[PDB]
Amino acid sequence: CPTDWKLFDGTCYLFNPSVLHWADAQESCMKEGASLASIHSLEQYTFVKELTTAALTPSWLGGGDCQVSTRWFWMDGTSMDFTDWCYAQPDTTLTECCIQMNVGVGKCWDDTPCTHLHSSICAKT
(Lines give C-alpha, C1' and ligand atoms only; values in the text may rest on other atoms or scores of the structure.)
Protein backbone atom coordinates (compact mmCIF):
# COMPACT_ATOMS: atom_id res chain seq x y z
CA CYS A 1 0.00 0.00 0.00
CA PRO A 2 1.06 3.65 -0.46
CA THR A 3 2.30 5.90 2.35
CA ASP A 4 -0.43 6.93 4.79
CA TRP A 5 -2.60 3.97 3.44
CA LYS A 6 -3.21 0.95 5.68
CA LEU A 7 -3.44 -2.69 4.50
CA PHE A 8 -6.06 -5.20 5.65
CA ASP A 9 -6.66 -8.56 3.88
CA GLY A 10 -5.47 -7.36 0.47
CA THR A 11 -7.16 -3.87 0.35
CA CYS A 12 -5.47 -0.51 1.03
CA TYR A 13 -7.46 2.06 3.06
CA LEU A 14 -7.01 5.81 3.66
CA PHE A 15 -8.80 8.13 6.05
CA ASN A 16 -9.47 11.56 4.47
CA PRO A 17 -10.14 13.91 7.43
CA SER A 18 -11.14 16.88 5.24
CA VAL A 19 -14.92 17.40 5.31
CA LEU A 20 -16.46 17.08 1.86
CA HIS A 21 -19.89 16.25 0.45
CA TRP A 22 -20.21 12.63 -0.72
CA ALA A 23 -19.50 13.39 -4.39
CA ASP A 24 -16.40 15.52 -3.58
CA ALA A 25 -15.26 12.68 -1.27
CA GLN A 26 -15.76 10.06 -4.02
CA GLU A 27 -13.94 12.22 -6.58
CA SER A 28 -11.05 12.73 -4.13
CA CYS A 29 -10.70 8.95 -3.67
CA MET A 30 -10.90 8.53 -7.52
CA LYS A 31 -7.99 10.98 -7.97
CA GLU A 32 -5.90 8.53 -5.87
CA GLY A 33 -7.10 5.48 -7.88
CA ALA A 34 -9.66 4.59 -5.22
CA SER A 35 -13.32 4.60 -4.33
CA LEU A 36 -15.10 5.41 -1.11
CA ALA A 37 -14.93 2.13 0.80
CA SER A 38 -17.39 -0.71 1.20
CA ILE A 39 -17.66 -2.91 4.34
CA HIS A 40 -18.40 -6.67 4.28
CA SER A 41 -17.59 -7.97 7.80
CA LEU A 42 -17.24 -6.93 11.38
CA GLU A 43 -13.44 -7.21 11.09
CA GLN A 44 -13.32 -4.96 7.99
CA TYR A 45 -15.51 -2.48 9.96
CA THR A 46 -13.21 -2.63 12.99
CA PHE A 47 -10.08 -2.13 10.85
CA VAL A 48 -11.64 0.88 9.11
CA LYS A 49 -12.81 2.38 12.42
CA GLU A 50 -9.16 2.15 13.65
CA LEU A 51 -8.11 4.53 10.81
CA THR A 52 -10.60 7.25 11.83
CA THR A 53 -8.54 8.73 14.72
CA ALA A 54 -9.03 8.11 18.43
CA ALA A 55 -12.27 10.10 18.05
CA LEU A 56 -13.72 7.58 15.49
CA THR A 57 -14.77 10.50 13.28
CA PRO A 58 -18.09 10.31 11.32
CA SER A 59 -17.07 9.36 7.75
CA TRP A 60 -18.60 8.75 4.31
CA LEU A 61 -18.63 5.25 2.90
CA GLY A 62 -19.17 4.47 -0.77
CA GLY A 63 -22.79 3.30 -0.46
CA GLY A 64 -26.27 4.64 -0.92
CA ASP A 65 -29.80 3.94 -2.14
CA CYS A 66 -30.00 7.10 -4.25
CA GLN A 67 -31.42 5.57 -7.45
CA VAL A 68 -34.31 3.49 -6.11
CA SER A 69 -35.23 3.82 -2.42
CA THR A 70 -34.40 0.63 -0.38
CA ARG A 71 -31.94 -0.58 -3.05
CA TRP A 72 -28.41 -0.06 -1.71
CA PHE A 73 -25.26 -0.26 -3.84
CA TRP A 74 -21.54 0.22 -3.24
CA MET A 75 -19.29 2.04 -5.78
CA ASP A 76 -16.63 -0.73 -5.88
CA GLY A 77 -18.56 -3.53 -7.57
CA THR A 78 -19.32 -5.36 -4.28
CA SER A 79 -22.79 -6.12 -2.91
CA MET A 80 -24.57 -4.74 0.18
CA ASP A 81 -24.21 -7.89 2.38
CA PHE A 82 -23.17 -6.36 5.76
CA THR A 83 -24.82 -3.41 7.44
CA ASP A 84 -24.48 -1.67 10.78
CA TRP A 85 -27.48 0.65 10.88
CA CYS A 86 -27.86 2.78 14.01
CA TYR A 87 -31.12 2.63 15.97
CA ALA A 88 -33.84 4.33 13.81
CA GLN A 89 -31.89 3.76 10.53
CA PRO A 90 -31.94 3.42 7.64
CA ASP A 91 -34.00 6.39 6.59
CA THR A 92 -34.98 5.40 2.99
CA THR A 93 -36.31 8.77 1.81
CA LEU A 94 -34.23 9.85 -1.20
CA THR A 95 -33.44 13.13 0.58
CA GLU A 96 -30.98 11.24 2.80
CA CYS A 97 -29.56 8.46 0.67
CA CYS A 98 -25.73 8.30 1.30
CA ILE A 99 -24.13 6.00 3.92
CA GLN A 100 -22.25 7.65 6.79
CA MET A 101 -20.40 5.52 9.39
CA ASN A 102 -19.12 6.31 12.91
CA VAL A 103 -22.42 8.06 13.79
CA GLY A 104 -23.16 8.78 17.51
CA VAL A 105 -21.88 7.10 20.65
CA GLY A 106 -22.46 3.65 19.09
CA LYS A 107 -20.32 4.48 15.99
CA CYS A 108 -22.88 3.00 13.58
CA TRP A 109 -24.37 3.82 10.14
CA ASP A 110 -26.94 6.40 9.00
CA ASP A 111 -28.46 7.22 5.58
CA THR A 112 -27.59 10.95 5.43
CA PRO A 113 -28.11 13.86 2.98
CA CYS A 114 -25.30 13.43 0.46
CA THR A 115 -24.59 17.18 0.50
CA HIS A 116 -23.55 17.08 4.20
CA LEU A 117 -19.80 17.57 4.85
CA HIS A 118 -17.92 14.66 6.35
CA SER A 119 -14.54 12.98 6.45
CA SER A 120 -14.27 9.82 4.40
CA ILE A 121 -12.67 6.39 3.86
CA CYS A 122 -11.05 5.50 0.56
CA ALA A 123 -10.12 2.00 -0.53
CA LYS A 124 -8.29 0.36 -3.44
CA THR A 125 -7.00 -3.10 -4.01
# chains A, B, ... in the order shown; residues from 1 in each chain; ligands from 1

$ select_by_dssp --residues "region 18-52 of chain A" --states "helix (DSSP H, G or I)" --output "list in words"
residues 22, 23, 24, 25, 26, 27, 28, 29, 30, 31, 42, 43, 44, 45, 46, 47, 48, 49 and 50 of chain A

$ write_last_selection --atoms "N, CA and C atoms" --output "JSON list (two decimals), in the first residue's frame"
[["chain", "number", "residue", "atom", "x", "y", "z"],
["A", 22, "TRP", "N", -20.50, 14.03, -0.30],
["A", 22, "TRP", "CA", -20.21, 12.63, -0.72],
["A", 22, "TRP", "C", -19.55, 12.59, -2.10],
["A", 23, "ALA", "N", -20.03, 13.41, -3.01],
["A", 23, "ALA", "CA", -19.50, 13.39, -4.39],
["A", 23, "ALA", "C", -18.06, 13.91, -4.41],
["A", 24, "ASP", "N", -17.79, 15.00, -3.67],
["A", 24, "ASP", "CA", -16.40, 15.52, -3.58],
["A", 24, "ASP", "C", -15.50, 14.45, -2.94],
["A", 25, "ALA", "N", -16.04, 13.74, -1.95],
["A", 25, "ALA", "CA", -15.26, 12.68, -1.27],
["A", 25, "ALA", "C", -14.95, 11.53, -2.25],
["A", 26, "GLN", "N", -15.96, 11.13, -3.02],
["A", 26, "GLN", "CA", -15.76, 10.06, -4.02],
["A", 26, "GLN", "C", -14.71, 10.49, -5.05],
["A", 27, "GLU", "N", -14.88, 11.72, -5.56],
["A", 27, "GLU", "CA", -13.94, 12.22, -6.58],
["A", 27, "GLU", "C", -12.53, 12.31, -6.01],
["A", 28, "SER", "N", -12.36, 12.69, -4.74],
["A", 28, "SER", "CA", -11.05, 12.73, -4.13],
["A", 28, "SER", "C", -10.42, 11.33, -4.06],
["A", 29, "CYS", "N", -11.22, 10.34, -3.65],
["A", 29, "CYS", "CA", -10.70, 8.95, -3.67],
["A", 29, "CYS", "C", -10.29, 8.58, -5.12],
["A", 30, "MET", "N", -11.14, 8.92, -6.09],
["A", 30, "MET", "CA", -10.90, 8.53, -7.52],
["A", 30, "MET", "C", -9.59, 9.15, -8.03],
["A", 31, "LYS", "N", -9.27, 10.34, -7.54],
["A", 31, "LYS", "CA", -7.99, 10.98, -7.97],
["A", 31, "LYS", "C", -6.80, 10.17, -7.50],
["A", 42, "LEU", "N", -17.53, -7.65, 10.18],
["A", 42, "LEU", "CA", -17.24, -6.93, 11.38],
["A", 42, "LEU", "C", -15.74, -6.61, 11.45],
["A", 43, "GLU", "N", -14.85, -7.52, 11.04],
["A", 43, "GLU", "CA", -13.44, -7.21, 11.09],
["A", 43, "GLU", "C", -13.02, -6.10, 10.10],
["A", 44, "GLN", "N", -13.61, -6.09, 8.89],
["A", 44, "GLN", "CA", -13.32, -4.96, 7.99],
["A", 44, "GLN", "C", -13.77, -3.67, 8.69],
["A", 45, "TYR", "N", -14.95, -3.68, 9.29],
["A", 45, "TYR", "CA", -15.51, -2.48, 9.96],
["A", 45, "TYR", "C", -14.55, -2.02, 11.07],
["A", 46, "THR", "N", -14.10, -2.97, 11.88],
["A", 46, "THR", "CA", -13.21, -2.63, 12.99],
["A", 46, "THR", "C", -11.89, -2.03, 12.46],
["A", 47, "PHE", "N", -11.33, -2.64, 11.44],
["A", 47, "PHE", "CA", -10.08, -2.13, 10.85],
["A", 47, "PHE", "C", -10.30, -0.69, 10.37],
["A", 48, "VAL", "N", -11.41, -0.46, 9.67],
["A", 48, "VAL", "CA", -11.64, 0.88, 9.11],
["A", 48, "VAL", "C", -11.85, 1.88, 10.25],
["A", 49, "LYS", "N", -12.63, 1.49, 11.26],
["A", 49, "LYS", "CA", -12.81, 2.38, 12.42],
["A", 49, "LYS", "C", -11.47, 2.79, 13.05],
["A", 50, "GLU", "N", -10.49, 1.90, 13.04],
["A", 50, "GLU", "CA", -9.16, 2.15, 13.65],
["A", 50, "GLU", "C", -8.41, 3.23, 12.85]]

$ atom_distance --atom1 "CA of residue 125 (chain A)" --atom2 "CA of residue 2 (chain A)"
11.1 Å

$ closest_residue --among "A:39, A:20, A:51, A:114" --to "residue 98 (chain A)" --atoms "only C-alpha atoms"
A:114

$ closest_residue --among "A:75, A:88, A:105, A:36" --to "residue 16 (chain A)" --atoms "only C-alpha atoms"
A:36

$ residues_around --residues "residue 59 (chain A)" --least-positions-apart "6" --cutoff "7 Å" --atoms "only C-alpha atoms" --output "NGL selection string"
:A and (100-102 or 118-121)

$ select_by_dssp --residues "chain A" --states "strand (DSSP E or B)" --output "PyMOL selection string"
chain A and resi 6-8+11-20+35-36+59-64+73-74+85+98-103+108-112+118-124

$ atom_distance --atom1 "CA of residue 13 (chain A)" --atom2 "CA of residue 87 (chain A)"
27.0 Å

$ atom_distance --atom1 "CA of residue 57 (chain A)" --atom2 "CA of residue 19 (chain A)"
10.5 Å

$ closest_residue --among "A:38, A:116, A:55, A:91" --to "residue 73 (chain A)" --atoms "only C-alpha atoms"
A:38
